[PDB]
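For reference, the structure is listed below as C-alpha cells.
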Amino acid sequence: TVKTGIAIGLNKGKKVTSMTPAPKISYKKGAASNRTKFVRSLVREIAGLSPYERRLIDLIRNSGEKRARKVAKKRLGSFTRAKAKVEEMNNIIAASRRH
Amino acid sequence: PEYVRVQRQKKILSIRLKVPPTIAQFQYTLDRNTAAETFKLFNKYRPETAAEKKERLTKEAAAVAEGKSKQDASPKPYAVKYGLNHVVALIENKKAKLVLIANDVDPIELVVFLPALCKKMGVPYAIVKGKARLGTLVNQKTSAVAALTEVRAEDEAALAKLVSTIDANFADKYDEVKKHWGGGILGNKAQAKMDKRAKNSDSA
Amino acid sequence: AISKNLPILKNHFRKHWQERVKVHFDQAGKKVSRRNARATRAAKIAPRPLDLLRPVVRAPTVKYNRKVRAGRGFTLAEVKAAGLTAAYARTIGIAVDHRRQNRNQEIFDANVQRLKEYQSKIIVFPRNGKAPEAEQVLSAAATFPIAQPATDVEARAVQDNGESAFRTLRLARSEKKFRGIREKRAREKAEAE
Amino acid sequence: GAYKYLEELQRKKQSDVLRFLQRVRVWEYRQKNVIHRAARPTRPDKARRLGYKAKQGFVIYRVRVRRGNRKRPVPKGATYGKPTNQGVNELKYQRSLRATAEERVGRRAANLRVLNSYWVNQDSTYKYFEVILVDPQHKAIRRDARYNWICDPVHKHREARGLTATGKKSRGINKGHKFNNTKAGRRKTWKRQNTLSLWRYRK
RNA sequence: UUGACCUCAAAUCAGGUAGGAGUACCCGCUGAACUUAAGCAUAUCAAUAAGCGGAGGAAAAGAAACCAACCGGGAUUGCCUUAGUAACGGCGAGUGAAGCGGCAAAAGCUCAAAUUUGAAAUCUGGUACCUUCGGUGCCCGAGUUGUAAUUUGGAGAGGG
RNA sequence: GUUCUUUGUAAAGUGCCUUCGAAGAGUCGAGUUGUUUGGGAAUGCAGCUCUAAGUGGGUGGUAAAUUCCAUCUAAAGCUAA
Ligand SMILES: [K+]
Ligand SMILES: [Mg+2]
Ligand SMILES: [Mg+2]
Ligand SMILES: [Mg+2]
Ligand SMILES: [Mg+2]
Ligand SMILES: [Mg+2]
Ligand SMILES: [Mg+2]
Ligand SMILES: [Mg+2]
Ligand SMILES: [Mg+2]
Ligand SMILES: [Mg+2]
Ligand SMILES: [Mg+2]
Ligand SMILES: [Mg+2]
Ligand SMILES: [Mg+2]
Ligand SMILES: [Mg+2]
Ligand SMILES: [Mg+2]
Ligand SMILES: [Mg+2]
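Residue numbers (our numbering), protein chains in the order written: chain A, 4 to 102; chain B, 107 to 310; chain C, 218 to 410; chain D, 82 to 284.
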C-alpha cells in the first residue's frame, strides 16, 4: 500500500511514514449493541409482518428469488435494499416452520 | 356533552373493530378474590412516605457524626419498586421476582410489550385491574407498574401460591392468547338483528 | 448592435444591479476600527498574544501540497504526546481540533516539537498568586514562525542509471491504464474451460 | 431500553398491532377540534428524544391539517401572464405540512414558543401532528439552565421564521455541495452573489 | 353506608404573557409584468418588485451524514481570487456557482437513548422570617406515562 | 489590590487490565408531479404512493449491474466576534 513516489501510476504520491491512527468511535454507527439486537428480536415476536412483507414471503415460498427480489426492488427504494430485504426474509423463513 | 359522547364512543369503537391478539390480552383481568390478596400482601411493602424519609435521614445524620456510621445506620429496605423504566430494566436484569402492570394505560405502546417481554425471561407477570390502585400502593396517583424483587422470610409463602395463581392465568396462557384475536362484538341492535335473522332463517 | 473586430464580452449587467452596489469607502475607517479592536482586546484579556498556537500541517490539493501552512487546532494525539490533556491546552491558548487525524510522522513530530517549544516559552500564572508584569506579547504566530521544511541538500552527485524517465513515466501510466484489463484476461486465460 | 421498545415498535407503523391503534386514534382525533390541548404525549418516547421533559411549562397540542397541493388562489384560474405561469392546480407550496401546522398552534398559544413537533396519525384528507411547546414565563424554565435559552426573546416565534427543525429542513439549510445553492440562506446568498463590490482603488 | 384515577370544564379565582408600531438592514412564504431575444411562446427581466407572516442590535448560519482523492485540510460568516470559468440555455439572447490559496475574526459544545433503587435525591406555587433580581423553614401540588447526578461519539460507562 | 470569608474526605483531571459501548422514522431512500438551480438519466424544496436497516446510512457532480476503498454520521438542541 506504499505510495510509488511519482506523480503517475496507481499509488501515486510520495513515500511517507504511516501510522494508521487509532480509529474513531464513529464508523461504529452500525454497531452490534447486543441489547438492541435483543430488542429487535423481541419486537419481531410481538409485531408480525407487514401485508407487503407477507406478500414477499409468499413469493419466496412459491414463485422464486428473482421475482421476489424484483418485487422488493419495486416496493423499496434500491436494489441493494431489496437484496437485504430478501436476505432477512430468507433468514426468518428458515427460522420459521421449515427449520 | 361531546367529551362524554366522545369517550363513550372511544370504547364502543374499540370493541366493534377486531382487536389484534397482542393487545386485548389485557382484556383478561386478574380475578376478584386473588386481587384482594395480592394487594393485601403488597400493601405491606409501601415505600418511604414523605414524612418517613425525613426521620430516617435525621436519625442517620444525627448518627454518622458521633457514631461514625458508614451509611449503615438504617436497615436494608424492602419496598415495592415502581417506574416503567425502572421495571423494564429489572426484568432485563432478571431481578424482578413479581411484576404486575396496570391494564388501563392510555398509550398502550407503554405497556403492550411488557407482558411479552416478561414471558421471555420467565418472569411472572400480572395484567391487573386499575392503575389508580397502583398509585395508592406506592403513595402516588398513578404508577402503571409494580415490581417486587425481595421479600421477608415469613412472607415468601404468600408469593409462591400467589405466583402459581397468577402464572396459571397469564403466563401459562401466553401461547394461546398470543394467537387469539380480539374484538368482534356487534351492537345490541345489531346482535338482536342477527339473532332475529338466525331464529327465522337458521332455525326453521 | 455588433461592431467590427472586437472580442465577445459577457458583462452581466441586465438585473437591477443599481440597488446592490457595495462601494468600500469604509476601508480606511474599518482598518482603524479593527486596530482599535485589537488594541482593546489585548488590554482587556490577560497578557496573552491575541491568538492560539496553530499546527504545522500540510495543504491538500496537489496544486498546493508542496507547501506547509497553519492548521486550525491540534489533534488529540499530538496534545497527548506533549504531556497535557486536551481540555487544559485550550485554557493555555493551544488550539485543539478533533477532526484532523495524523497519518504523517514528520507532520506529527513537527507539531509535538513546537508543543514542547511553546511549553518552554510559557509562564502559567497561578490562580491565587502574585502575577508580576509579564511584558505582554501581541502575536504568538509572530513569535513561533512557520518554516518550510527542506526536502534535500544543496548539492549532490548525479546517479544516472540510464533510467530514461519517460520509459519510467510513460510505462507507469500505460501499466495503470490497462491494469484492470489485464486481470480481466486473467479471468478468461485462467478459466481452463 | 424502556423507550426503545416504544422506538422499535414505532418502526413497524404498518404492523398488525399499530394498525388497530392508529385507525382507532385517527377516529379519536377527528372528532375533537382541529387544535386542542393534549393532556400527555401520545409518544413519550419521541417527545423525550426530541427534548420534552415531564416538567411544568411544557405544552403539547394536537393539530390536524388538510393534505394535498396548494391550489393557486387566482380567480377562476385566470393568471394573466405568460403560459408558464398559467399552472394553478399543480402548485406544491414548498414548505412542509409540519410547518403549516406548527404555525397554527404557534398562533393559538401566542404567548408560547414552539420547540418541535411530530406527527401521530393521518388519513387521505388530513394529517395530524402533535406539537411541543415550552413556557418561558414559568420560573421552572427561566431557571433550569439546560432550557433557559427559551426565555430569550431572540428565538421568539421560532416557528414562523423557519428556525424550527422542519423549518431548517424546508429552507434547504445543510452542509455540502448538494446544498451550495441554499447554504447561508437562499435570499442572503442571492444578494451576495448579485452585488457589485467596488473598492476605492479600482481593481 | 366514600374517596382517590383519567379526561373535560367554569370562575371578574392567584399570577402571568400575545396582539400593535416601526421595518434601513435581517428570517421565511407568495409572486408577477414591463423589458431582452431586433417578431415570439421555453428562456431573460427574477427565484426581483408588489402582497403576507416573524426577530434583533445585528438577524441568519455555525461546530460536518463537510470539503476532498492530495504527503490530504477541518464550525460558521466576510473580503481578494477561483471566474464571466465548470455547467445550464429556441446551445440563441443569455445565465453561471463550488474545492483549493491569501486575509479578517476565532470557540466551543448539549439532551433522548444507561434502574440511583439502601431510599425523586428533582421542580412551581402559598405562608412566616431575613441579609430580597433572592435565601431558609413549613405546607399543598407537579412528577415514576420520570423530575436531579452521571453520558453525547472528539467518546464514554460498569468493574478491578 | 486584599480583607471577612474555607469550602471539603465534597468534587474533578490523568495510567494500566477487562466487560461493554446504548447514538434520534410516514424519516432517509425510491417512483411520479410542480417549482427552482450552473447541477446537466433529474441541485434543492414540496405534494401523493411505496417505504426501511445496523459490520447500516449519506456522499464521492453520467443512469445501472458486479467488487472494493475514502470520507463523515441525518431525520434532536445552544453559541460571542
Ligand atoms: K401573473
Ligand atoms: Mg384573576
Ligand atoms: Mg422582444
Ligand atoms: Mg425592438
Ligand atoms: Mg417586497
Ligand atoms: Mg428592538
Ligand atoms: Mg456583531
Ligand atoms: Mg446569529
Ligand atoms: Mg442557531
Ligand atoms: Mg459533532
Ligand atoms: Mg471551514
Ligand atoms: Mg437567473
Ligand atoms: Mg398541572
Ligand atoms: Mg466525567
Ligand atoms: Mg444523532
Ligand atoms: Mg414559487
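Cβ atoms here follow ideal geometry from the backbone N, Cα and C, with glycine treated the same way.
- Taking the beta carbon of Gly12(A) as reference, the chain C residues within 8 Å of it are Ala389, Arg390, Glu392 and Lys393, listed in sequence order.
- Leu52(A) has its alpha-carbon roughly 14 Å from the corresponding atom of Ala75(A).
- Taking one beta carbon from each stretch, the segment 309-322 of chain C and the segment 342-356 of chain C have fewer than 3 pairs nearer than 8 Å; the two do not touch.
- In terms of Cβ geometry, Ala85(A) and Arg70(A) do not form a close pair [threshold 7 Å].
- Under the Cβ distance rule, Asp97(D) counts among the residues neighbouring chain B, one pair being separated by less than 7 Å.
- Listed by position along chain D, the residues whose Cβ is nearer than 8 Å to that of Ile233(B) form an empty set, because the closest Cβ is around 16 Å away.
- Within the segment 167-224 of chain B, the runs of beta strand (DSSP E) at least 3 residues long that lie entirely inside it are, in chain order, 204-208.
- Per DSSP, the unbroken alpha helix (DSSP H) holding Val42(A) starts and ends at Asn37 to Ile49.
- Boundaries of the beta strand (DSSP E) harbouring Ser198(D): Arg194 to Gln203, taken from the DSSP string.
- Going by DSSP, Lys157(D) is part of no alpha helix (DSSP H) at all; its letter is neither H nor E.
- Chain-ordered, the chain A residues with CB closer than 7 Å to the CB of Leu223(B) read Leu45.
- Rounded to whole angstroms, the gap between the alpha carbons of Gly132(D) and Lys250(D) is 18 Å.
- The shortest CA-to-CA distance from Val201(D) to any of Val107(D), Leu90(D), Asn114(D) and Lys93(D) is the one to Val107(D).
- In this structure, the beta-carbon distance from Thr247(D) to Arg188(D) does not fall below 7 Å.
- Counting only the Cα atoms, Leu99(D) lies some 8 Å from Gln91(D).
- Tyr86(D) carries a helical assignment under DSSP once its states are collapsed to helix, strand and coil.
- Taken in chain order, the complete beta strand (DSSP E) segments of 3 residues or longer contained in the segment 269-352 of chain C are 273-275 and 285-287.
- Excluding sequence positions up to five before and after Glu211(D), its CB lies within less than 8 Å of the CB of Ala119, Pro122, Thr123, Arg124, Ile141, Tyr142, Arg143, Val144, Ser198, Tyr199, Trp200 and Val201, all in the same chain and listed in chain order.
- DSSP places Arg373(C) outside both helix and strand once states are collapsed to three, so it counts as coil.
- Of all residues in the segment 265-278 of chain D, the ones placed with a Cβ closer than 8 Å to any Cβ belonging to chain C are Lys272, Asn275, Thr276, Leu277 and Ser278, in chain order.
- In the three-state reduction of the DSSP assignment, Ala87(A) falls in the helix class.
- Around the beta carbon of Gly168(D), fewer than 16 other beta carbons lie within 10 angstroms, which makes this residue exposed.
- Neighbours of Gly51(A) in chain D, taken as residues at a C-beta separation under 7 Å, are given in chain order as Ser96 and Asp97.
- Here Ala263(C) carries a coil assignment [DSSP, helix/strand/coil].
- Per the C-alpha coordinates, the member of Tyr231(B), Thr135(B) and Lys160(B) positioned closest to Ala277(B) is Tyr231(B).
- Burial check for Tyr151(B): the Cβ neighbour count within 10 Å reaches 16 or more, so the residue is buried.
- Within the segment 196-211 of chain D, no residue has its Cβ closer than 8 Å to any Cβ of chain C.
- When beta bridges are read from the DSSP output, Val212(D) appears opposite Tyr142(D) and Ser198(D).
- Looking at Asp61(A), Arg101(A), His102(A) and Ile11(A), the one whose alpha-carbon comes closest to that of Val89(A) is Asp61(A).
- Scanning chain B for C-beta atoms nearer than 8 Å to the C-beta of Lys113(D) yields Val112, reported in chain order.
- Of all residues in the segment 224-244 of chain C, the ones placed with a Cβ closer than 7 Å to any Cβ belonging to chain D are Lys232, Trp234, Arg237, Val238, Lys239, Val240, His241, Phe242 and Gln244, in chain order.
- Under the three-state reduction of DSSP, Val238(C) is assigned to strand.
- Distance from the CA atom of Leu279(D) to the CA atom of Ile324(C), rounded to whole angstroms, is 41 Å.
- When rounded, the separation of the alpha-carbon atoms in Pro213(B) and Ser36(A) is 27 Å.
- Residue burial annotation: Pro343(C) is exposed, with fewer than 16 other C-beta atoms found within 10 angstroms of its C-beta.
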